[PDB]
């Protein structure tokens, strides 16, 4: 059975609401497990306290840099980077959860939640989950974004874990 994790989202420190995700361990076990463990913090590091550093209305919200907190960092539970597990699943619409990277086989911890279909990223980014509950929170987040991604307020993962 696929794990479920949650993010408690805050905006300049004030709570907004909870987003939960189904992680497709049945198709991408290695990628789902990285995101699961980073959500629990069980390796002694992970998503708690980090920001959504890039939000572009009509496209996606991206976050997960808990090592440098500036959009350039992050690391997996397997080392700094790990390989593209597979590209079975596609960027079919809003709510898809998928790995950010800097080219082939550079998965770390950064990820992005789609707010629209982004099919041109198929075969380049590993899809590994989707929003289960709280898609309205992700939509609420979009108005803090902009054309180039800079956010006008600090959007943070105040708490996270496994359900």
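Positions refer to the first chain, counted from 1.
Peer 1: Take the C-alpha B-factors listed in the entry for 52 to 60 and for 38 to 46, compute each mean, and give the stretch with the larger one.
Peer 2: The stretch with the larger mean CA B-factor is 38 to 46.
Peer 1: When you compare the CA B-factors of 31, 70, 115, 110 as listed in the entry, which one comes out on top?
Peer 2: The listed residue with the largest C-alpha B-factor is 70.
Peer 1: Based on the entry's values, in what third of the chain does the Cα temperature factor of residue 155 lie: lowest, middle or highest?
Peer 2: Middle third, going by the recorded CA B-factors of the chain.
Peer 1: Residue 26: which third of its chain by C-alpha temperature factor?
Peer 2: Answer is highest: the recorded C-alpha B-factor places it there.
Peer 1: Within this chain, which third does the Cα B-factor at residue 82 fall in: lowest, middle or highest?
Peer 2: Ranked within chain, residue 82 CA B lands in the middle tercile.
Peer 1: What third of its chain's C-alpha B-factors does residue 133 belong to: lowest, middle or highest?
Peer 2: Answer is highest: the recorded C-alpha B-factor places it there.
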